[PDB]
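Down below is the structure, laid out as structure tokens.
2 protein chains.
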Amino acid sequence: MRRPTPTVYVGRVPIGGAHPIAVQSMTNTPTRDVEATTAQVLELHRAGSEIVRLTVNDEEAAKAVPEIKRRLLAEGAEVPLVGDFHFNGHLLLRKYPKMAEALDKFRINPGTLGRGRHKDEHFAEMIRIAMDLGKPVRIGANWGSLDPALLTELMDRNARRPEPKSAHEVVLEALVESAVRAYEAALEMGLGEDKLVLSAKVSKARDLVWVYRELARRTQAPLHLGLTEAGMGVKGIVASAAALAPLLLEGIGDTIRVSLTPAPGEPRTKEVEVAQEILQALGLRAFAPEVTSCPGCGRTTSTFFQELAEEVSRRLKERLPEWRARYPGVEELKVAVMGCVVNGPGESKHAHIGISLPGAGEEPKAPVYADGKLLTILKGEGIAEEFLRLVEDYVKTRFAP
Amino acid sequence: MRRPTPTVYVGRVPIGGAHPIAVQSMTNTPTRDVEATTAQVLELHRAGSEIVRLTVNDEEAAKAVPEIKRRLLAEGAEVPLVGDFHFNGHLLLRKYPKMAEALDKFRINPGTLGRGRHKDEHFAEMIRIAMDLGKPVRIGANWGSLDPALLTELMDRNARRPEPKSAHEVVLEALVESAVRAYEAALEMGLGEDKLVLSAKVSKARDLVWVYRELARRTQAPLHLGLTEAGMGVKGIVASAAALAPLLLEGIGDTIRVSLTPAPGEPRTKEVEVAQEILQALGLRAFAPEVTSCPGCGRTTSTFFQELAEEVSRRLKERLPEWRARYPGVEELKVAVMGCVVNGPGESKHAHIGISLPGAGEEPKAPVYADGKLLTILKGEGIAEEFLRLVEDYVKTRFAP
Ligand SMILES: C[C@@]1(CO)OP(=O)(O)OP(=O)(O)OC[C@H]1O
Ligand SMILES: C[C@@]1(CO)OP(=O)(O)OP(=O)(O)OC[C@H]1O
Ligand code: SF4
Ligand code: SF4
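Protein chains in written order, with PDB author numbering: chain A, 4 to 404; chain A', 4 to 404. A prime marks a further copy of an entry chain.
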């Protein structure tokens, strides 16, 4: 099912149909602040961001990039950096060659190149720089910055149809056309297929699915997939997952970014967490152990069940750094915590290891299952720490080198 | 695209292809606690739960249901109640007819009916009760409680194939077969097509999509769709949305429930919120105004942007009760809050009303767009309260009766 694509290396990270779908993010510190940006790149990388983007918006930002890269390399952090260019990318890349060389990838937006004839020249200049330095490029369209000349073109084509489409449908058409035309122009200039990634983001899920299906049909490039401007909190999380899932299940998408608005004081790493959860939920990557647990209902005996589930989740997170170093494959661990006999044994048998608490009407004992069979039955006090010891014993055996 | 189905009324709430996809939830208080359960049914309903399920697990639970229903009706709360039966449903429904009459729907699990021959008799008894009272039924299979006799049957059929499938694939087959056979048996007994809903839940997203596609092909019934045992926190939210979205976009699903494990002390209403967000993200329902906002990046000028986005989201939530009463259609409101000129004007033009803050390099002014055109430009202090006044003025005009 995975769409075949050429491989594009973003630094040491390969993107494309033969490679795992890469998680990426973008900093939100001012790029001119070397200390703050370096720190956030590191933080994002440590959280799971395999590629990190930073805006390169003005001369002060450009001047900071080589120093950011130097500091990352000094700690052996080889996380690739993507520069995000708008309006003046051709000028910054021309004027600051050390910045152009320090970056691992350039992002161009076909709607933020300039006016009229200037747009093609600016484009060309950026692509020439990339070719000269052997850098990959993302041609990233976004409907928040759609090339107006292209929109008018397609509106006029639409108006000629026997059955014109809606204005909204035409905007989607223009967005795809913008990406596809810029992709083909870059190819025609001599930028290699191993150096082009495409995106074309919109902020509504159903629209994103239409767009990406069209991009995937009309191009061969690896695709950077994300729902732009997803918003805040649960809404932003849900919309992001709902938009990406249909496309990922159809084999479309080579790298993802989750565009969450942080709440004031919420860490910028949250979007990385959500990206990882999307991929893992769909079986496309394994990053860390996970917990399958029922909602609980009036059959569940006390607040113990919710406490135990949370304690297990916490413990897995705490053990992971050590486990990752010792036990190959542990990222695939699935642990169940269940509230009663209705689904508890059966769901637990589908995990690597699971506990079925006794709910209402049951004898006060908790069977524990591993590899689909009864392992033991726990009773009394301290069931949580007993179970967590059995999980540790399980991991040490199952994921032994 | 919506799959056509007969209409099944769950109380006053119609379920099926001609009706909006209904949000449902399940209580987690002990059903025997009348006060606690009534209160939680009300809370869930007020949060958006159009249908509420409660376990009816033992005689004490059964005895409480008529009193719960009576209390709800005394306040004019017509929220339909679904009784969740396992193991002893035939006995409780027989012994407590006032409970059977008080419920609006019975849920049966074909894997929790009993042993051997007893399973068909128990089934039949429950279906007979439902027919006698004119109640609808959900036949709800779950792979945590899969009928073992059916699994063996299908394992033996599998073993005879020239190319047997995996054990995991056979479990999925058995789950679908369990639901389909019980559905057909209920039809054959004389339960009407206007009285049968089906589910067949699994805890892994990709599996849920396979299962529901099969259920949808093989049956005509409205389908209750949910990812069972989704787990806690962001993982549970993401997995739920990722599993449901592909199916909802294909037109499959007539009611949903989100199976989140609450954190200790987290309200049971969170699953309702997530369910609403799934449906609204996909354009299938509109419950309340929403905010489209960028992630912010190093182009964004201060923590003001995140604060403003959050303030707008909060204000919309606070205004909604009044707005819903005054202004028809307001649930469809889309408001944008954007961090800079790159995408700010364009995204704002796609909302009903939006603000584009000035980011780095820009003059300290914030254009505001409404209905796709410039409405005003804000400057100075108090931009948040000015914008929120313009949102109020907008709503009063656009959503006027
Ligand atoms: C930074 C921007 C600029 O176009 O990048 P995109 O890749 O278009 O989209 P997203 O990742 O949602 O980030 C916000 C955008 O403003
Ligand atoms: C209550 C149970 C019982 O089978 O209901 P289902 O509808 O099978 O699934 P879900 O809504 O995930 O709730 C948990 C289950 O244990
Ligand atoms: S497994 Fe038991 S306690 Fe958990 S939600 Fe299902 S019926 Fe309730
Ligand atoms: S709209 Fe501007 S501030 Fe917001 S993420 Fe995009 S480039 Fe950054």
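Positions of the beta carbon are idealized from the N, C-alpha and C atoms, including for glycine.
- Among the residues of chain A', those whose CB is under 7 Å from the CB of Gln309 (chain A) are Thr264, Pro265, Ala266 and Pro267, following chain order.
- For a Cβ distance threshold of 7 Å, nothing in chain A lies close to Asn161 (chain A'): the least Cβ distance comes to about 17 Å.
- The beta carbons of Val333 (chain A) and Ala312 (chain A) sit no closer together than 8 Å.
- At least one heavy atom of ligand 3 lies less than 7 Å from the C-beta of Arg302 (chain A).
- For a cut-off of 8 Å, the C-beta gap from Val241 (chain A) to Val277 (chain A') is around 6 Å, short enough to register as a contact.
- The beta carbon of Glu310 (chain A') sits closer than 7 Å to none of the beta carbons in its chain outside the five residues before and after it.
- Per DSSP, reduced to three states, the secondary structure at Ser181 (chain A) is helical.
- Using a C-beta cut-off of 8 Å, the stretch 230-238 of chain A makes no contact with the stretch 260-267 of chain A', since fewer than three inter-stretch Cβ pairs fall below that distance.
- No heavy atom of ligand 3 is found nearer than 7 Å to the CB of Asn112 (chain A').
- Looking at A':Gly137, A':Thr34 and A':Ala21, the one whose alpha-carbon comes closest to that of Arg302 (chain A) is A':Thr34.
- When the beta-carbon positions are compared, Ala248 (chain A) and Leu285 (chain A) come within less than 8 Å of each other.
- Counting along the chain, the unbroken alpha helix (DSSP H) around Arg327 (chain A') starts and ends at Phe307 to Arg329.
- By the rule that beta-carbons nearer than 8 Å mark a contact, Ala203 (chain A) does not touch chain A'.
- For the pair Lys72 (chain A) and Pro83 (chain A), the Cα-to-Cα distance works out to about 9 Å.
- At least one CB atom of chain A sits nearer than 8 Å to the CB of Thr295 (chain A').
- Within the stretch 22-33 of chain A, the residues whose Cβ lies closer than 8 Å to any Cβ of chain A' are, in chain order, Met29, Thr30, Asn31, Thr32 and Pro33.
- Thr304 (chain A') is positioned such that its CB atom lies closer than 8 Å to that of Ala363 (chain A').
- Boundaries for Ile255 (chain A'): no alpha helix (DSSP H) harbours it, and the DSSP string shows neither H nor E there.
- Judged by the Cβ position, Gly143 (chain A') fails to qualify as a neighbour of ligand 3 at the 7 Å threshold, every heavy atom of the ligand being at least this far.
- In the three-state scheme derived from DSSP, where H, G and I count as helix and E and B as strand, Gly143 (chain A) is classed as strand.
- The distance from the Cβ of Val205 (chain A') to that of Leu226 (chain A') is about 14 Å, inconsistent with a contact at the 8 Å cut-off.
- Note that the C-beta distance between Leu194 (chain A') and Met129 (chain A') is not below 8 Å.
- At a cut-off of 8 Å between C-beta atoms, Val37 (chain A) does not count as an interface residue with respect to chain A'.
- DSSP lists A':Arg141 as the beta-bridge partner residues of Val200 (chain A').
- Along the stretch 45-61 of chain A, the positions whose C-beta sits under 8 Å from a C-beta of chain A' are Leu57, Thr58, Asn60 and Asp61, read in chain order.
- DSSP places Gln27 (chain A) inside the beta strand (DSSP E), whose first and last residues are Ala25 to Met29.
- When 9 Å is used as the limit between beta carbons, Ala219 (chain A') is near no residue of chain A, the shortest such separation being about 16 Å.
- Nearest in C-alpha terms to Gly86 (chain A), of all of A:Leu211, A:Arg120 and A:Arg141, is A:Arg141.
- Under the Cβ distance rule, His125 (chain A') does not count among the residues neighbouring chain A, no pair being separated by less than 8 Å.
- For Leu378 (chain A), the enclosing beta strand (DSSP E) has its first and last residue at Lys376 to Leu381.
- Closer than 8 Å to the CB of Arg209 (chain A') there is at least one CB belonging to chain A.
- Fewer than three Cβ pairs drawn from the stretch 45-62 of chain A' and the stretch 375-383 of chain A lie within less than 8 Å of each other, which leaves the two stretches out of contact.
- A straight-line Cα-Cα distance of about 52 Å links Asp123 (chain A') and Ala328 (chain A).
- Residues of chain A' whose Cβ lies closer than 9 Å to the Cβ of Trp326 (chain A) do not exist, since the nearest Cβ in that chain is about 18 Å away.
- The closest heavy atom of ligand 2 lies 7 Å or more from the beta carbon of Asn31 (chain A').
- Burial state of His89 (chain A) is buried, judged by a 10 Å Cβ sphere holding 16 or more other Cβ atoms.
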